[PDB]
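Residue numbers (PDB author numbering): 1000 to 1065.
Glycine included, C-beta positions come from ideal geometry on N, C-alpha and C.
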């Protein structure tokens, strides 16, 4: 209950460096990268196109580890 994940606020194209305008948060299931990790994600690249409204998962971000 109430646990938020990072959700794409825009289509995020492949190999694009994440910016704050790209990353909303929402309480969804399954649970993705926690919202609190957004600062860590800024400037990291996604390794695939991430459609609008997709929950961002650990395997979608180059080099990401919690």
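Query, Result
"Buried or exposed by the 16-neighbour rule on C-beta atoms within 10 Å, applied to residue 1031", "buried"
"Three-way DSSP call (helix, strand, coil) for residue 1047 in this model", "coil"
"In DSSP terms, what residue 1025 is bridged to", "1004"
"Contact with chain D by residue 1042, beta-carbon distance below 8 Å", "Checking the listed chains, one finds no chain D in this structure; it contains a single protein chain."
"8 Å CB neighbourhood of residue 1005 in its chain, flanking five on each side removed", "1022, 1023, 1024, 1031, 1032, 1033, 1034, 1036, 1037, 1040, 1054, 1055"
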